[PDB]
Amino acid sequence: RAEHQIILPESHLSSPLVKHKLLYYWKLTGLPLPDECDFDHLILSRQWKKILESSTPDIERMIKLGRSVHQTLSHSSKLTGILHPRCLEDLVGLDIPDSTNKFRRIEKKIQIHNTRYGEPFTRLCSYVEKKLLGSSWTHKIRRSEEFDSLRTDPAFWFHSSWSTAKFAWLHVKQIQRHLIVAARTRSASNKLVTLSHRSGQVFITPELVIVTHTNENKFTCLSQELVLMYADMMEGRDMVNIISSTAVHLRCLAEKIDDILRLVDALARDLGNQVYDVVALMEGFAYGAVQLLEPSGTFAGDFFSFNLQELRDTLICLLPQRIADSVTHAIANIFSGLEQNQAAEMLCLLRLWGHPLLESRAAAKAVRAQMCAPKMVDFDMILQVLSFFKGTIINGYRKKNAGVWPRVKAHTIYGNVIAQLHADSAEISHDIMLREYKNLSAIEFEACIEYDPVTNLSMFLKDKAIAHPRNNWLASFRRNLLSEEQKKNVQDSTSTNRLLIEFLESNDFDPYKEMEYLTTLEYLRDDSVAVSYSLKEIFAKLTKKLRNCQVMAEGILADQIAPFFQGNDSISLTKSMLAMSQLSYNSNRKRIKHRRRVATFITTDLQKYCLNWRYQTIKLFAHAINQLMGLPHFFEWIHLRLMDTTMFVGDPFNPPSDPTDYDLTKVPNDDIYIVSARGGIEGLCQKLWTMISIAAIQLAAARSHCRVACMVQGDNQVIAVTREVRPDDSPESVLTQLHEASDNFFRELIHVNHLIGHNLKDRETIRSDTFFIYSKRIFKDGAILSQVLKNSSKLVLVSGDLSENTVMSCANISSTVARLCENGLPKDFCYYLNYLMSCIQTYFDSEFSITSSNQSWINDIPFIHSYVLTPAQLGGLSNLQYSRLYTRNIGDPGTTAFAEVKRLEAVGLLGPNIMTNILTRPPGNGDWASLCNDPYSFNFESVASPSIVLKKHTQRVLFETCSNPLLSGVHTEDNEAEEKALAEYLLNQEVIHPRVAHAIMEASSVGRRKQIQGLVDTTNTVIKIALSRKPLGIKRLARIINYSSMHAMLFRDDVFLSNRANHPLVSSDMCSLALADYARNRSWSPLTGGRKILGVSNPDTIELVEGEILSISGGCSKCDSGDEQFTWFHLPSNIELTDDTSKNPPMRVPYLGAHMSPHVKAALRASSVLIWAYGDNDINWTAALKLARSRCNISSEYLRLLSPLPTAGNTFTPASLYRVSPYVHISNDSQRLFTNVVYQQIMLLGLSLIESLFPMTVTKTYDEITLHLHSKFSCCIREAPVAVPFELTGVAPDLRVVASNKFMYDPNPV
Amino acid sequence: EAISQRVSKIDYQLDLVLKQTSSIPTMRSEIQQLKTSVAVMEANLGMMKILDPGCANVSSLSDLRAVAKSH
Amino acid sequence: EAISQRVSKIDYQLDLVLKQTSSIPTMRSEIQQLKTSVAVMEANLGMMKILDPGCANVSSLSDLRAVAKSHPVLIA
Amino acid sequence: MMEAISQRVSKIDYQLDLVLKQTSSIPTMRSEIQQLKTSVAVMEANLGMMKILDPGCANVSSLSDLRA
Amino acid sequence: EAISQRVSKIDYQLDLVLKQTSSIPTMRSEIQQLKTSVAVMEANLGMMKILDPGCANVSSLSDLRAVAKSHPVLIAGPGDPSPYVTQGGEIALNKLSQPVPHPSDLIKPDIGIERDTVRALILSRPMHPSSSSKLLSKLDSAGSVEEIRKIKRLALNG
């Protein structure tokens, strides 16, 4: 049945591994359990005599499998039942020969692909790079030996260690997914698959996978997600073993990883579940191996020794002491000898042994220990921190409101200094906050800050799972597993228990009425609140009302109070990190009072941070904000609710073990529970705690008389203690003063965090003069330290759970390959690695598919070549162009796809039939609505992605029962038709502009409805509800299921297998933007009528320029050919790219790229774009007023004066490693025309070619390197069109608008 | 007779209005800083009262001095 | 005889004790404030829960449940 | 003949007042300085020396036992 | 003039009469009552001798009986705190400022670790190769915690 082929079972692990789920399907089948589960608390307590008398398909498969496995193992001995991770070394080396043959079928075809196409992939990479680096380099053009080993071994993916088990686990994974899908539909088919591997049998069901070994008479059982975990880890460590062995600066890691894997697997058999404590230490060794390379002897070798002592101290509790010695010696040998980058690389080994099995009991003990614990804080240190808290609020409100203090209760200003500073309304310095802390801690405030409860609205449209109330709490568990007296208490879920849905069905939702759940203390009257804790290793299940007040308080702190503390958000979390690490001693060592400043760094480890807060410590800090908002009791709700409530750890398969647990107010502080949780919950109330920690960091900076540039997101505190030194001072004095200041500050920071109740450790934290850690990225000496091998472990072979989607699965691989090229790998390696992996992807989906056609085109090898190499805009699968390797996706996509097809034809990869069939392709549907909603595009015939279809369907289903007073004008009866009519009005003119019409409709209220609809949380459990309450249909769902087939056949029909005798007038030797404009015009021609769709295309940055490195004599053969329009790129000679930074030219931060309601800004954006596009006359202003009238409530005489200038206004992932891009000089003088979009890309192209000159095996430079990117002799130099103004023919649509909504309208006339 | 009592009078009046008036502004400023060091006693006791969850309805818009005088 | 400028310097000298005895009753009144304020504090600290061995000044979680049965009050 | 009686009453008045005011105004100073020294001992034993206990329920007893 | 000055002088010295006789018996009694009211605050703040590890985390418990400043702790939380006091009245804190029911928990090197770390320092830091071979050669000869430390401070100085 087709209903059960949409929400597919997932292919990769995105869930915790629960132990007692697996033990339920172990006890439910007939097998004997392991020895470490004999006295278990859930196994001994349940009434299995009723549980085994249901005879659902959930149990009968397990009964037949318990009969089936038991036959191929004898009765002569005892059957050992090894439980994960004690079975890691076996399943690590699993060898099914069947799946090995089934993948070597694919291997043979990939070897055919290399034998047919390897030399044109050589010709491409040796022609494009030759073109961009000129004929002064055409004797220095040799391919990298990452590409060459990829070329001689095409089957890299098949001929490594771990491959023979990677085959096996991918095969068992796809079989179990197919068995789940086939078990969805009610049937009585063969629900069992037996495979045969070297010494034993493998049993596959919807739930379990059971692997047996017959010579040792053992067997292991795996739950549904545990085979996902093994399947992820095998291709993870095998792809690590591929990348770290074919890359020249990484081959020395290849043994060092293959040791440390195969070592710790051997430690799995006896350590067991505790071996992940050894896995959790593997990060600290990669830190300490960077810390071994300090400039001075201090701080070098401290944390490496600490982790080595901790590794010994954990192994000696379990091992013989000789084995702990030998193992510790081995670990210390592996992590020594490594460079800076090669010790950043060993952070890949984190997920590479998998995840420990979880349970509610042992994860509730670790919360009762540190949350129901007594504390004793210092009141006189609370006052010293609260001094800086109130002082920072005073200075933030002063700087925000033009030099005015907040509304102080004026009878509470004590002392002659603070009354003086109020009377002047000046800025408190930190010294006065330290000295006068008794006077400044007691200052009060009045209601001077007016909040806004629903500020963001994206955080209310999240799908956060909501606990059902405490009279129904046993509905959190499987009703199969509750006992009979506890089955009497579960009621039915009328709600969906989602914050996404129950917010939209919320009749009578007023924000200010709902904050009175807190300020009036009714939330603590409320005897229905139950909180539920998650199984993890940050999330909790609250009730509805309490979660709403949680999100509101987060929003109010996040917008009003938190930016007072400087906020220490995409590039501002890496400009304020890369320039912060310019403050190390080694970044500025050419030069080596008040002329230079340097820093040293502390990245700290606070023990159990979020749950060591108490009401006693945060009450006064909350009090200073309840006063500043005019609120009686708002921001201390967390501790006062958790003191009076009892919460538990939430897992279905982990019920309470005692069968006499009915009510939460009677359970003991025991098995799964926490009674009177004094501490916080991670993630919740994060803003207030971050602000208290900033106040404490600044307090300790003042108590040792130093300056600190901290950054903290919780307990991820990174402190840069600075010191300003002389240019003519000795280096030993500099590195002495820094270490003295670091010791003083660290001592005081220990001291001020100890007295508020927070252990930051002396040894666990990482002090260094050189590097620091932020979001698991190590910043060291003004560069970011490489993470290629973390990204290689995420390189996988299925991406998506909504259909058998090959297009999104090739897009995932394309992005991860581009990410490896950013971390520093060659271009020719990564592009051809993308080609080979998209080949493996498209053959992997033909076989192994869990939806049983494709046999026509799947053996056509030049079709599969031309399919994963043609860009996805033109129809194929290659999202990764050759240009995306050099720069970022700014610019027009269509010209780039045609430039790639022009290059692929010019070298001989892609056939000359295929470009001409693109140029002769029949058009698609074509809409004014679609061309407005998606410019840059083509009107080729295409099928819609199941992600887009199902997301849009869920957005339309959830806003059906939308009944809250807020966001009431979001879903109307004709919100489609206004978009259609507005697109028809904007677009159909004398000169069609798609981009500016996209800008206008995005600015008007139609795009506002789109933007607010696009904030809902489309998880899969939301898509399941929106399909179970309004089904997708018959034709759309058949387009969902057969999406990859229809896409592949559509590329085959339209552009590959096609004749197209009426070839057009456009040639193939022209500039590609001509062909993109021809294809846009011819494609939209049944809709446009013949008018030029213009104002879209940009040049391709690679195609435009013909670069040239200068020779020795100076002056280029391109600039001696009669050309002076170029860009000047200079690189100074003799740059050591390593620790010895003595004589480097000045390293700088490299090139990266009011006071109104934003409705008014969107309105003025609409007016500006409309007037600059269609001319400036009062007929245009008549409609532009009507469009801006939709958002705001101003009149025509304000728009003509408030209209901005006619403009171009229509960590996580760093853009690269920065090695020579901090040392390169840019001069855009001679390109007299393009001094916008073109030069922003030409700069990044030049700075990517410069660092593409030097690999990761080169630490020095030897010449000055100059580039002249000449572009006057180019085919793509075309004159900008003459803007001939006209008048918008017709009248704008009515654009009806509700005035009640603050999210969509601004009634105040500005 | 009148001149001797007159000069004894002015000697007594002169030196004692030297030293009493010398003594007064000193003790005046000390009773001043007793005020601003006794006000923060009530302020810190109002801070200490509201940390206990037995007093959570003591709404924050009130005065910490007034919570010291709350009883 | 003439005792004129002697009386004039007496008129000069009485202004010092004028301003200082003018300041005297304000100091006396502020001693009256400090007495009552210190009395309020020694009334308060006798009923706070400073810990001794014996532990009779304990509050439970029932005080949080009992006191939070109302809209929060204003003491100022 | 009247100013004699006037200054005779006057000198004993002025001296009696200001002599019975000197020997109070100076012990006033030493006593108030002793009292400023006295209150700083409460400025430390109440302010600096003060620690805040929360008897966290690190035991096994139900919430209805903790609601007692 | 005699009379016009004598009237104002008599009036102002009567102002001084009204100063003194009201100033003395009131202000001196009020500051005696003020001192008897501050001493009763001083005598109601029962110290308890908190015995933190702080950062100096040495053994020999009596040292933390020695370095232990007294503190008047204030119960600001529900429940019974009595299993965290001592016969004698002293409360020992954790590193997380947690009281502990028995204060013996506060006070609770090898040679392979130190050799491993100094080998990592020699192999990993920038160094001439023969000097690295020399310091590795005179490191397997070492036999105590001392003189590995000599190599450690010899390697970090080149």
# chains A, B, ... in the order shown; residues from 1 in each chain; ligands from 1

$ interface_residues --of "chain D" --to "chain B" --cutoff "7 Å" --atoms "only C-alpha atoms" --output "PyMOL selection string"
chain D and resi 4+11+15+18+22+25+29

$ write_last_selection --atoms "N, CA, C and O atoms" --output "compact mmCIF listing (two decimals), in the first residue's frame"
# COMPACT_ATOMS: atom_id res chain seq x y z
N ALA D 4 26.97 96.18 85.67
CA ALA D 4 27.75 95.38 86.60
C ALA D 4 26.98 94.13 87.01
O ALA D 4 27.52 93.02 86.94
N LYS D 11 28.47 86.37 83.18
CA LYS D 11 29.69 85.57 83.13
C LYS D 11 29.47 84.19 83.73
O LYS D 11 29.98 83.19 83.21
N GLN D 15 29.84 80.91 81.33
CA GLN D 15 30.80 79.91 81.78
C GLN D 15 30.11 78.62 82.20
O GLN D 15 30.59 77.55 81.83
N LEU D 18 28.93 76.78 79.01
CA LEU D 18 29.88 76.30 78.02
C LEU D 18 30.89 75.35 78.66
O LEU D 18 31.41 74.45 77.98
N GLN D 22 31.44 71.60 77.25
CA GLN D 22 32.73 71.08 76.78
C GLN D 22 32.94 69.63 77.21
O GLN D 22 33.30 68.75 76.40
N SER D 25 30.69 67.42 75.18
CA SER D 25 30.93 67.37 73.75
C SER D 25 32.17 66.55 73.39
O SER D 25 32.24 66.01 72.29
N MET D 29 32.41 62.69 71.35
CA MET D 29 33.28 62.25 70.26
C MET D 29 33.91 60.89 70.53
O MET D 29 33.90 60.02 69.64

$ closest_atom_pairs --of "chain A" --to "chain C" --cutoff "7 Å" --atoms "only C-alpha atoms" --output "tab-separated table"
residue	atom	partner	partner_atom	distance
A:520	CA	C:71	CA	5.0
A:521	CA	C:71	CA	5.8
A:524	CA	C:68	CA	6.7
A:525	CA	C:69	CA	6.2
A:632	CA	C:72	CA	6.8

$ atom_distance --atom1 "CA of residue 373 (chain A)" --atom2 "CA of residue 625 (chain A)"
27.2 Å

$ interface_residues --of "chain C" --to "chain B" --cutoff "9 Å" --atoms "only C-alpha atoms" --output "PyMOL selection string"
chain C and resi 6+10+13-14+16-21+23-24+26-27+30-31+33-34+37-38+40-41+43-45+48+59-76

$ interface_residues --of "chain E" --to "chain B" --cutoff "9 Å" --atoms "only C-alpha atoms" --output "ChimeraX atom specification"
/E:74-78
